[PDB]
Structure formats: C-alpha cells, structure tokens
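Data from my_file_12.pdb: PDB, C-alpha atoms (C1' of nucleotides) and all ligand atoms
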ATOM      1  CA  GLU Q   2     -19.178  50.249 -27.376
ATOM      2  CA  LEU Q   3     -22.947  50.317 -27.057
ATOM      3  CA  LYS Q   4     -24.970  52.493 -24.692
ATOM      4  CA  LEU Q   5     -28.171  50.706 -23.617
ATOM      5  CA  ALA Q   6     -28.909  52.603 -20.397
ATOM      6  CA  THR Q   7     -32.294  54.204 -21.216
ATOM      7  CA  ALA Q   8     -33.153  52.030 -24.208
ATOM      8  CA  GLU Q   9     -36.690  50.703 -24.335
ATOM      9  CA  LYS Q  10     -37.325  47.110 -23.503
ATOM     10  CA  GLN Q  11     -39.249  46.443 -26.657
ATOM     11  CA  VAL Q  12     -36.285  47.446 -28.703
ATOM     12  CA  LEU Q  13     -33.988  45.532 -26.525
ATOM     13  CA  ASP Q  14     -36.026  42.409 -26.880
ATOM     14  CA  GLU Q  15     -36.142  42.642 -30.562
ATOM     15  CA  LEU Q  16     -32.423  43.081 -30.845
ATOM     16  CA  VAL Q  17     -31.669  40.032 -28.847
ATOM     17  CA  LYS Q  18     -34.077  38.098 -30.935
ATOM     18  CA  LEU Q  19     -32.240  39.054 -34.068
ATOM     19  CA  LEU Q  20     -28.999  38.008 -32.590
ATOM     20  CA  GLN Q  21     -30.497  34.756 -31.635
ATOM     21  CA  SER Q  22     -31.808  34.459 -35.128
ATOM     22  CA  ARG Q  23     -28.572  35.089 -36.927
ATOM     23  CA  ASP Q  24     -26.684  32.962 -34.461
ATOM     24  CA  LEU Q  25     -23.955  35.502 -33.835
ATOM     25  CA  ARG Q  26     -20.873  35.129 -31.681
ATOM     26  CA  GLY Q  27     -19.744  37.599 -29.054
ATOM     27  CA  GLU Q  28     -17.340  37.481 -26.143
ATOM     28  CA  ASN Q  29     -19.419  34.526 -25.087
ATOM     29  CA  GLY Q  30     -21.045  33.607 -28.408
ATOM     30  CA  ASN Q  31     -24.715  32.644 -28.547
ATOM     31  CA  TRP Q  32     -27.692  33.966 -26.659
ATOM     32  CA  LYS Q  33     -28.316  30.564 -25.196
ATOM     33  CA  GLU Q  34     -24.582  29.837 -24.934
ATOM     34  CA  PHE Q  35     -24.427  33.070 -23.043
ATOM     35  CA  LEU Q  36     -27.688  32.610 -21.106
ATOM     36  CA  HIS Q  37     -26.415  29.206 -19.910
ATOM     37  CA  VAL Q  38     -22.879  30.257 -18.889
ATOM     38  CA  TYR Q  39     -24.378  33.324 -17.212
ATOM     39  CA  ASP Q  40     -27.395  31.656 -15.660
ATOM     40  CA  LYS Q  41     -26.970  28.596 -13.489
ATOM     41  CA  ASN Q  42     -30.668  27.784 -13.370
ATOM     42  CA  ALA Q  43     -32.302  25.323 -15.723
ATOM     43  CA  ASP Q  44     -35.389  27.309 -14.876
ATOM     44  CA  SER Q  45     -34.565  30.321 -16.988
ATOM     45  CA  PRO Q  46     -36.766  30.958 -20.004
ATOM     46  CA  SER Q  47     -35.237  32.047 -23.316
ATOM     47  CA  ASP Q  48     -37.793  34.613 -24.383
ATOM     48  CA  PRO Q  49     -36.174  37.932 -23.970
ATOM     49  CA  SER Q  50     -39.323  39.040 -22.485
ATOM     50  CA  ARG Q  51     -37.693  37.982 -19.263
ATOM     51  CA  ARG Q  52     -37.806  41.301 -17.620
ATOM     52  CA  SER Q  53     -34.773  43.427 -16.708
ATOM     53  CA  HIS Q  54     -32.888  45.230 -19.390
ATOM     54  CA  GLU Q  55     -30.025  44.027 -17.364
ATOM     55  CA  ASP Q  56     -30.775  40.596 -18.322
ATOM     56  CA  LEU Q  57     -30.666  41.847 -21.910
ATOM     57  CA  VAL Q  58     -27.938  44.511 -21.885
ATOM     58  CA  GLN Q  59     -25.353  42.325 -20.504
ATOM     59  CA  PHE Q  60     -25.615  39.962 -23.421
ATOM     60  CA  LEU Q  61     -25.858  42.826 -25.766
ATOM     61  CA  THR Q  62     -22.567  44.156 -24.562
ATOM     62  CA  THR Q  63     -20.950  40.825 -25.450
ATOM     63  CA  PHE Q  64     -20.691  42.031 -29.002
ATOM     64  CA  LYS Q  65     -17.766  44.180 -29.717
ATOM     65  CA  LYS Q  66     -17.106  44.341 -33.459
ATOM     66  CA  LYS Q  67     -18.340  47.129 -35.727
ATOM     67  CA  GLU Q  68     -20.439  45.007 -38.082
ATOM     68  CA  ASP Q  69     -22.686  43.604 -35.324
ATOM     69  CA  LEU Q  70     -23.019  47.047 -33.785
ATOM     70  CA  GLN Q  71     -24.089  48.718 -37.011
ATOM     71  CA  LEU Q  72     -26.440  45.809 -37.394
ATOM     72  CA  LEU Q  73     -28.075  46.424 -34.019
ATOM     73  CA  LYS Q  74     -28.160  50.204 -34.322
ATOM     74  CA  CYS Q  75     -29.738  49.795 -37.739
ATOM     75  CA  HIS Q  76     -32.449  47.504 -36.518
ATOM     76  CA  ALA Q  77     -33.200  49.814 -33.620
ATOM     77  CA  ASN Q  78     -33.584  52.770 -35.938
ATOM     78  CA  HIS Q  79     -35.903  50.871 -38.249
ATOM     79  CA  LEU Q  80     -37.830  49.783 -35.148
ATOM     80  CA  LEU Q  81     -38.076  53.421 -34.221
ATOM     81  CA  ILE Q  82     -39.541  54.542 -37.561
ATOM     82  CA  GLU Q  83     -41.909  51.624 -37.140
ATOM     83  CA  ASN Q  84     -43.217  52.789 -33.734
ATOM     84  CA  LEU Q  85     -43.374  56.194 -35.398
ATOM     85  CA  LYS Q  86     -45.848  54.886 -37.963
ATOM     86  CA  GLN Q  87     -47.946  52.893 -35.391
ATOM     87  CA  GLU Q  88     -49.043  56.026 -33.484
ATOM     88  CA  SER Q  89     -52.148  57.865 -34.678
ATOM     89  CA  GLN Q  90     -52.244  61.315 -36.239
ATOM     90  CA  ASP Q  91     -54.577  62.781 -33.800
ATOM     91  CA  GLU Q  92     -52.351  64.835 -31.533
ATOM     92  CA  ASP Q  93     -49.040  64.233 -33.244
ATOM     93  CA  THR Q  94     -46.759  67.274 -33.511
ATOM     94  CA  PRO Q  95     -46.025  69.207 -36.653
ATOM     95  CA  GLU Q  96     -42.341  68.196 -36.748
ATOM     96  CA  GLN Q  97     -43.307  64.575 -36.236
ATOM     97  CA  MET Q  98     -46.103  65.097 -38.744
ATOM     98  CA  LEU Q  99     -43.361  65.943 -41.150
ATOM     99  CA  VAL Q 100     -41.131  62.996 -40.390
ATOM    100  CA  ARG Q 101     -44.225  60.811 -40.603
ATOM    101  CA  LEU Q 102     -44.876  62.042 -44.137
ATOM    102  CA  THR Q 103     -41.323  61.643 -45.344
ATOM    103  CA  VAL Q 104     -40.985  58.058 -44.132
ATOM    104  CA  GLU Q 105     -44.502  57.087 -45.080
ATOM    105  CA  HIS Q 106     -44.111  58.327 -48.662
ATOM    106  CA  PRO Q 107     -43.457  55.192 -50.781
ATOM    107  CA  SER Q 108     -40.205  56.472 -52.310
ATOM    108  CA  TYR Q 109     -38.570  56.421 -48.952
ATOM    109  CA  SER Q 110     -38.111  52.760 -48.517
ATOM    110  CA  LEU Q 111     -35.947  52.515 -51.589
ATOM    111  CA  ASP Q 112     -34.204  55.869 -51.496
ATOM    112  CA  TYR Q 113     -33.125  55.896 -47.898
ATOM    113  CA  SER Q 114     -31.820  52.380 -47.841
ATOM    114  CA  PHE Q 115     -28.089  52.503 -47.397
ATOM    115  CA  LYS Q 116     -26.765  49.021 -46.701
ATOM    116  CA  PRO Q 117     -24.370  47.530 -47.169
ATOM    117  CA  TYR Q 118     -22.461  49.556 -44.670
ATOM    118  CA  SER Q 119     -18.935  50.189 -45.826
ATOM    119  CA  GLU Q 120     -17.840  50.282 -42.213
ATOM    120  CA  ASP Q 121     -16.693  53.742 -42.963
ATOM    121  CA  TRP Q 122     -20.367  54.368 -42.316
ATOM    122  CA  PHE Q 123     -21.763  55.860 -39.215
ATOM    123  CA  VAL Q 124     -25.036  54.512 -38.014
ATOM    124  CA  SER Q 125     -26.971  56.713 -35.577
ATOM    125  CA  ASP Q 126     -27.883  55.191 -32.212
ATOM    126  CA  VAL Q 127     -30.961  57.236 -31.464
ATOM    127  CA  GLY Q 128     -32.637  53.906 -31.771
ATOM    128  CA  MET Q 129     -31.486  53.253 -28.222
ATOM    129  CA  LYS Q 130     -32.384  56.397 -26.338
ATOM    130  CA  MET Q 131     -35.538  56.529 -24.219
ATOM    131  CA  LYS Q 132     -38.819  57.456 -25.779
ATOM    132  CA  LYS Q 133     -38.731  61.060 -24.715
ATOM    133  CA  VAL Q 134     -35.498  61.488 -26.635
ATOM    134  CA  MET Q 135     -36.806  59.495 -29.612
ATOM    135  CA  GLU Q 136     -39.782  61.778 -29.970
ATOM    136  CA  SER Q 137     -37.504  64.880 -29.720
ATOM    137  CA  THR Q 138     -38.644  67.716 -31.954
ATOM    138  CA  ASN Q 139     -35.534  69.704 -32.757
ATOM    139  CA  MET Q 140     -34.367  70.272 -36.316
ATOM    140  CA  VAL Q 141     -31.143  71.051 -38.095
ATOM    141  CA  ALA Q 142     -30.968  71.293 -41.908
ATOM    142  CA  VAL Q 143     -27.969  69.698 -43.654
ATOM    143  CA  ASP Q 144     -26.895  70.131 -47.269
ATOM    144  CA  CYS Q 145     -23.923  69.153 -49.416
ATOM    145  CA  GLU Q 146     -22.051  69.968 -52.559
ATOM    146  CA  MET Q 147     -20.438  66.978 -54.185
ATOM    147  CA  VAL Q 148     -18.281  66.462 -57.174
ATOM    148  CA  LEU Q 149     -18.032  63.290 -59.174
ATOM    149  CA  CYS Q 150     -14.841  61.475 -58.271
ATOM    150  CA  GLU Q 151     -12.403  59.441 -60.295
ATOM    151  CA  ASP Q 152     -14.015  56.340 -58.891
ATOM    152  CA  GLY Q 153     -17.302  57.336 -60.397
ATOM    153  CA  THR Q 154     -18.197  57.536 -56.789
ATOM    154  CA  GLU Q 155     -19.408  60.937 -55.862
ATOM    155  CA  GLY Q 156     -17.576  62.925 -53.264
ATOM    156  CA  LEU Q 157     -17.757  65.532 -50.597
ATOM    157  CA  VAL Q 158     -16.313  68.920 -51.091
ATOM    158  CA  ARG Q 159     -18.678  71.394 -49.266
ATOM    159  CA  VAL Q 160     -20.982  70.745 -46.326
ATOM    160  CA  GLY Q 161     -23.333  73.154 -44.511
ATOM    161  CA  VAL Q 162     -25.537  72.560 -41.500
ATOM    162  CA  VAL Q 163     -27.990  75.118 -40.260
ATOM    163  CA  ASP Q 164     -30.041  75.470 -37.123
ATOM    164  CA  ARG Q 165     -33.670  76.055 -36.500
ATOM    165  CA  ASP Q 166     -33.043  79.770 -36.366
ATOM    166  CA  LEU Q 167     -30.935  79.752 -39.554
ATOM    167  CA  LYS Q 168     -27.885  80.333 -37.494
ATOM    168  CA  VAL Q 169     -25.141  78.657 -39.231
ATOM    169  CA  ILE Q 170     -23.584  75.735 -37.754
ATOM    170  CA  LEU Q 171     -21.017  73.785 -39.791
ATOM    171  CA  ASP Q 172     -19.896  75.409 -43.014
ATOM    172  CA  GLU Q 173     -16.861  73.677 -44.532
ATOM    173  CA  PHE Q 174     -14.661  72.595 -47.329
ATOM    174  CA  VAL Q 175     -13.784  68.885 -47.495
ATOM    175  CA  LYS Q 176     -11.089  67.447 -49.768
ATOM    176  CA  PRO Q 177     -11.692  63.764 -50.605
ATOM    177  CA  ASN Q 178      -9.306  60.902 -49.827
ATOM    178  CA  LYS Q 179      -9.537  59.772 -53.463
ATOM    179  CA  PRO Q 180      -8.913  62.351 -56.229
ATOM    180  CA  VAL Q 181     -11.541  63.696 -58.605
ATOM    181  CA  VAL Q 182     -12.081  63.969 -62.375
ATOM    182  CA  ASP Q 183     -15.015  66.406 -62.623
ATOM    183  CA  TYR Q 184     -15.742  69.372 -60.329
ATOM    184  CA  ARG Q 185     -19.077  70.203 -61.786
ATOM    185  CA  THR Q 186     -18.466  73.897 -61.678
ATOM    186  CA  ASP Q 187     -20.487  76.024 -62.242
ATOM    187  CA  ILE Q 188     -21.925  74.825 -58.972
ATOM    188  CA  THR Q 189     -18.656  74.534 -57.156
ATOM    189  CA  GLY Q 190     -15.427  75.939 -55.945
ATOM    190  CA  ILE Q 191     -12.270  74.765 -57.620
ATOM    191  CA  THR Q 192      -9.804  72.097 -56.619
ATOM    192  CA  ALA Q 193      -7.273  74.801 -55.984
ATOM    193  CA  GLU Q 194      -9.585  76.058 -53.272
ATOM    194  CA  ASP Q 195      -9.850  72.799 -51.363
ATOM    195  CA  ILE Q 196      -6.523  71.097 -51.145
ATOM    196  CA  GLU Q 197      -5.175  73.911 -49.079
ATOM    197  CA  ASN Q 198      -8.276  73.735 -46.933
ATOM    198  CA  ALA Q 199      -7.531  70.117 -46.461
ATOM    199  CA  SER Q 200      -8.454  70.065 -42.839
ATOM    200  CA  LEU Q 201     -11.958  68.650 -42.761
ATOM    201  CA  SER Q 202     -12.867  65.053 -43.541
ATOM    202  CA  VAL Q 203     -16.021  62.945 -43.406
ATOM    203  CA  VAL Q 204     -15.292  61.073 -40.196
ATOM    204  CA  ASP Q 205     -14.818  64.579 -38.760
ATOM    205  CA  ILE Q 206     -18.283  65.692 -39.612
ATOM    206  CA  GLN Q 207     -19.668  62.419 -38.333
ATOM    207  CA  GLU Q 208     -17.854  63.152 -35.094
ATOM    208  CA  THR Q 209     -19.347  66.576 -35.202
ATOM    209  CA  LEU Q 210     -22.945  65.498 -35.866
ATOM    210  CA  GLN Q 211     -23.068  62.461 -33.552
ATOM    211  CA  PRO Q 212     -23.965  64.368 -30.350
ATOM    212  CA  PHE Q 213     -26.861  66.093 -32.181
ATOM    213  CA  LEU Q 214     -28.042  62.787 -33.571
ATOM    214  CA  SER Q 215     -27.927  60.887 -30.245
ATOM    215  CA  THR Q 216     -29.867  63.660 -28.649
ATOM    216  CA  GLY Q 217     -32.316  62.853 -31.420
ATOM    217  CA  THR Q 218     -32.172  65.753 -33.823
ATOM    218  CA  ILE Q 219     -34.427  65.686 -36.862
ATOM    219  CA  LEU Q 220     -32.325  66.225 -39.953
ATOM    220  CA  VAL Q 221     -33.982  68.303 -42.642
ATOM    221  CA  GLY Q 222     -33.155  68.622 -46.326
ATOM    222  CA  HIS Q 223     -34.077  68.259 -49.966
ATOM    223  CA  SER Q 224     -33.367  64.803 -51.381
ATOM    224  CA  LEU Q 225     -31.496  64.519 -48.141
ATOM    225  CA  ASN Q 226     -30.376  60.977 -48.990
ATOM    226  CA  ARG Q 227     -27.839  62.032 -51.563
ATOM    227  CA  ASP Q 228     -26.372  64.086 -48.776
ATOM    228  CA  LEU Q 229     -26.462  61.337 -46.126
ATOM    229  CA  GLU Q 230     -25.032  59.037 -48.729
ATOM    230  CA  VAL Q 231     -21.958  61.149 -49.345
ATOM    231  CA  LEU Q 232     -21.770  61.848 -45.519
ATOM    232  CA  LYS Q 233     -22.032  58.122 -44.778
ATOM    233  CA  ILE Q 234     -24.554  58.803 -42.015
ATOM    234  CA  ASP Q 235     -27.631  56.650 -41.588
ATOM    235  CA  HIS Q 236     -30.016  58.226 -39.192
ATOM    236  CA  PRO Q 237     -33.735  57.635 -39.022
ATOM    237  CA  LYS Q 238     -35.340  60.974 -38.148
ATOM    238  CA  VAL Q 239     -35.436  62.890 -41.373
ATOM    239  CA  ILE Q 240     -37.479  65.459 -43.230
ATOM    240  CA  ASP Q 241     -37.197  65.425 -46.979
ATOM    241  CA  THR Q 242     -38.433  68.555 -48.661
ATOM    242  CA  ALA Q 243     -39.014  66.906 -51.975
ATOM    243  CA  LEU Q 244     -41.078  64.189 -50.454
ATOM    244  CA  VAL Q 245     -43.304  66.184 -48.154
ATOM    245  CA  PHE Q 246     -44.789  69.046 -50.171
ATOM    246  CA  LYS Q 253     -47.886  63.697 -59.527
ATOM    247  CA  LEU Q 254     -45.083  61.203 -58.939
ATOM    248  CA  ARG Q 255     -42.299  63.617 -59.892
ATOM    249  CA  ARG Q 256     -40.352  65.300 -57.087
ATOM    250  CA  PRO Q 257     -40.041  69.096 -56.989
ATOM    251  CA  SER Q 258     -36.889  71.185 -57.132
ATOM    252  CA  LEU Q 259     -35.908  73.525 -54.362
ATOM    253  CA  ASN Q 260     -35.950  76.801 -56.304
ATOM    254  CA  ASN Q 261     -39.576  76.187 -57.224
ATOM    255  CA  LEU Q 262     -40.678  75.344 -53.744
ATOM    256  CA  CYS Q 263     -39.289  78.543 -52.345
ATOM    257  CA  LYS Q 264     -40.555  80.301 -55.388
ATOM    258  CA  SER Q 265     -43.754  78.535 -54.713
ATOM    259  CA  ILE Q 266     -43.465  79.308 -50.980
ATOM    260  CA  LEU Q 267     -41.794  82.746 -51.143
ATOM    261  CA  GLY Q 268     -39.660  84.714 -53.543
ATOM    262  CA  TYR Q 269     -36.198  83.297 -54.094
ATOM    263  CA  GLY Q 275     -29.664  79.454 -63.066
ATOM    264  CA  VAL Q 276     -26.768  80.106 -60.742
ATOM    265  CA  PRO Q 277     -24.164  78.046 -58.917
ATOM    266  CA  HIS Q 278     -25.436  76.187 -55.842
ATOM    267  CA  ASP Q 279     -24.736  77.022 -52.192
ATOM    268  CA  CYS Q 280     -25.247  74.286 -49.585
ATOM    269  CA  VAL Q 281     -25.687  76.779 -46.747
ATOM    270  CA  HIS Q 282     -28.288  78.781 -48.616
ATOM    271  CA  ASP Q 283     -29.615  75.359 -49.583
ATOM    272  CA  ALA Q 284     -29.763  74.223 -45.969
ATOM    273  CA  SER Q 285     -31.278  77.442 -44.767
ATOM    274  CA  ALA Q 286     -33.893  77.313 -47.547
ATOM    275  CA  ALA Q 287     -34.837  73.766 -46.691
ATOM    276  CA  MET Q 288     -34.978  74.699 -43.016
ATOM    277  CA  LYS Q 289     -37.070  77.743 -43.861
ATOM    278  CA  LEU Q 290     -39.664  75.620 -45.646
ATOM    279  CA  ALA Q 291     -39.783  73.144 -42.776
ATOM    280  CA  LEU Q 292     -40.392  75.965 -40.310
ATOM    281  CA  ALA Q 293     -42.891  77.444 -42.718
ATOM    282  CA  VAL Q 294     -45.094  74.385 -42.393
ATOM    283  CA  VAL Q 295     -44.473  73.917 -38.678
ATOM    284  CA  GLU Q 296     -45.653  77.306 -37.453
ATOM    285  CA  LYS Q 297     -48.003  78.210 -40.308
ATOM    286  CA  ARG Q 298     -50.113  75.455 -41.810
ATOM    287  CA  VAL Q 299     -49.784  74.787 -45.536
ATOM    288  CA  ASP Q 300     -50.536  72.501 -48.493
TER
ATOM    289  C1'   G M   1     -37.385  48.368 -58.844
ATOM    290  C1'   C M   2     -31.850  48.221 -63.099
ATOM    291  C1'   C M   3     -31.223  51.875 -67.298
ATOM    292  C1'   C M   4     -34.746  56.960 -68.247
ATOM    293  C1'   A M   5     -36.705  61.157 -66.465
ATOM    294  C1'   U M   6     -37.754  64.448 -61.990
ATOM    295  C1'   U M   7     -34.733  65.413 -57.717
ATOM    296  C1'   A M   8     -29.821  66.235 -56.797
ATOM    297  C1'   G M   9     -25.078  67.763 -57.747
TER
HETATM  298 MG    MG Q 401     -29.883  69.043 -51.029
HETATM  299 MG    MG Q 402     -26.508  72.124 -52.191
END
Translate the structure of the given file into structure tokens.
Ligand SMILES: [Mg+2]
Ligand SMILES: [Mg+2]
Amino acid sequence: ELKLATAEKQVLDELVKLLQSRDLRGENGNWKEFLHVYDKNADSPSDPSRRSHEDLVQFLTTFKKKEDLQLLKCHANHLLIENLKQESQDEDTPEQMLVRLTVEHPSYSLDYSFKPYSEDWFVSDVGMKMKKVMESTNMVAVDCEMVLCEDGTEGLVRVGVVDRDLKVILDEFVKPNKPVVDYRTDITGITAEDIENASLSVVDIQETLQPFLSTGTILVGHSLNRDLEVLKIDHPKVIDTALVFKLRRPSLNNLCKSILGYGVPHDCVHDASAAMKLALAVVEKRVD
RNA sequence: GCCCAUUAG
C-alpha cells in the first residue's frame, strides 16, 4: 500500500497527471472514471490542482499492484531530485551540497538509471514524505562485495552499512539464490564461508534499510550504483564519492591517500567507513 | 551512449 499522508501537493498532482496520461486502471480504473463515480457534480474540474490531497489520495489509493506503485514512487523520487536542483546554492547545506553535486554531475543520469524494475526491486518512497523529511541531512554509507554469478549477472555476497560516526550497522554475508561461477578472490571470502551463513538475503536487507530510507537517509558510497544495483534498491538521495571530488573517475584508495593516509583484498565495511569518512571530511572541513 | 578504458568488484 501507499502512504500519502504528508506528501506534498505538487508531487501528488504530478502523480495523478501521469496516471491520467498513461490511462491506468485501478480499483475504479481511470482518473475521470474515478472522478465521475466518486463525484456526483458535473461541476468538478479535472485538473488535479483541485485542492485537497484527499481529493488526490483517494484516487491514488485505487492502485494496488506493484508495477503502478513502483511507477509512482519512481516519479516522486525523480520529482524530488528535480526540486533539489531548482533551489539555489546560497544557503544550501553541506550534505545537500554533496547530493546536489552527485546528481548534477552528467554521469549520473545514465549510471543511476535502474529501470526496468524486476519487481524484485525496491523503490524508496521518500518521494512522498513532507519536505522537512525530504531535506533530511543524515547519512549512512553502504558498500558491497559481489561475485560474478553463473548468470553473468553479478551477485551479492557481503554487505556493510556504516553510520555517520563509523559505528557499524549491517555487516553480513549473503548467499545468492542462483549459484556462482567466479568468486573473484582475492577480494572475497570463499563459497564454503557463505552457504553455512545462508541466513541473509537481499529482500532482508531491503527490509532492513527501508525505515532509514523513508526517514530520508542520504546514502553515501563510491560508485554507489553498482551497490544499489546488486541490492535492488532505487533511492534518490545519494552521495557518490567518485562523482563529487578530467572525465575519469577516481579510485577509493587514492582519494583517501589523497585525503589522508590509507593491492589487498577488499572490505566493504572498511570501504563504507572510508567513503563515509570522506563525506564527513568535506562536510565539517571544507575541501577541493 | 553499445563495446573500451577509469570506477567497481
Ligand atoms: Mg563501493
Ligand atoms: Mg567493497
């Protein structure tokens, strides 16, 4: 179900418009189908700038299936990053400075585009909180370790999330639904390690991250999209370390090395903490 | 923009 309580009207309007546009069917089908069965008056205008969310939300809650809901969440997130761009620099806050940069940077539009949604995907809904939540400034750095799977589809074996204070938040071993051909060790554990530690899955870590995301947490990371992509999470507020600070994108070891002293196997929790540490680095102390 | 390379892993 869809939670439109404190959503902004602008967003709400736009969503309805899209629905109208794609002519989609809900419990009651169309927006004007709906607006006619639900409004007796001929008088009623169709421009969902007719005022109370309630006029909007009700329709919006007509739509039950996953596809339409991912659709609407998606649009609302996009809409968010859009309002994000349309506000001037002048008193914007260092964390939002950062997200500004890493969605403004021209690479973003292509890299962080995830559709089509497998409908194993989780789409964040922070696109429907109120503004004060949307502009929330709290960070948590993700990172993954993946191994190429039989499918040629990459897969999730180790995930780490880390908080603003480098306190470690989700460190885990995942064993993928589909088997795997190449474990890419050095930078990995071995399959023997995981199967026993079978417990964690991807839907589990979506479950786990969802309350952070809906409270509007800024994810932070380095080439964070490869991560999101294996995690099957599409959430607008992001900070990519590569993108922020020559077309070529940097590598983490050189940024730290560049930022502060740091060929050995990779560690997603050190990774996450390092990413986080750079983000904080800019936020408190100004850099370039 | 696909391949490439950097990033990732
Ligand atoms: Mg990374
Ligand atoms: Mg890593």
What residues have any atom no more than 6 Å from ligand MG 401 (chain Q) when counting all atoms listed in the file, and can you list them as a ChimeraX atom specification? /Q:144,222-225
Can I get the residues close to ligand MG 402 (chain Q) as a PyMOL selection string, where close means within 6 Å and we count all atoms listed in the file? chain Q and resi 144-146+278-280+283
Which residues of chain M are close to chain Q, meaning at most 12 Å apart when you count only C-alpha atoms (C1' of nucleotides), and how do they look as a PDB file with C-alpha atoms (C1' of nucleotides), keeping the file's coordinate frame?
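Final output, saved to result37.pdb:
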ATOM      1  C1'   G M   1     -37.385  48.368 -58.844  1.00  0.00           C
ATOM      2  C1'   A M   5     -36.705  61.157 -66.465  1.00  0.00           C
ATOM      3  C1'   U M   6     -37.754  64.448 -61.990  1.00  0.00           C
ATOM      4  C1'   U M   7     -34.733  65.413 -57.717  1.00  0.00           C
ATOM      5  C1'   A M   8     -29.821  66.235 -56.797  1.00  0.00           C
ATOM      6  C1'   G M   9     -25.078  67.763 -57.747  1.00  0.00           C
TER       7        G M   9
END
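Residue nearest residue 171 of chain Q within the list Q:281, Q:293, Q:114, Q:75: Q:281 [criterion: smallest interatomic distance, all atoms listed in the file].
For the pair atom CA of residue 72 of chain Q and atom CA of residue 127 of chain Q, the separation is 13.6 Å.
Going from atom CA of residue 162 of chain Q over to atom CA of residue 282 of chain Q, you cover 9.8 Å.
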Selected by the PyMOL selection byres (((chain Q and resi 78) around 12) and not hetatm) in the shown coordinates: which residues, as a ChimeraX atom specification? /Q:8,12-13,15-16,71-77,79-85,124-130,135,214-215,217,235-239
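The space separating atom CA of residue 157 of chain Q from atom CA of residue 109 of chain Q comes to 22.8 Å.
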Need the shell around residue 218 of chain Q: protein/DNA/RNA residues with any atom at most 8 Å away, counting only C-alpha atoms (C1' of nucleotides). Skip same-chain ones fewer than 6 positions apart. Format as a PDB file with C-alpha atoms, in the coordinates of the input?
ATOM      1  CA  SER Q 137     -37.504  64.880 -29.720  1.00  0.00           C
ATOM      2  CA  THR Q 138     -38.644  67.716 -31.954  1.00  0.00           C
ATOM      3  CA  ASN Q 139     -35.534  69.704 -32.757  1.00  0.00           C
ATOM      4  CA  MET Q 140     -34.367  70.272 -36.316  1.00  0.00           C
ATOM      5  CA  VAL Q 141     -31.143  71.051 -38.095  1.00  0.00           C
ATOM      6  CA  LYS Q 238     -35.340  60.974 -38.148  1.00  0.00           C
TER       7      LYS Q 238
END
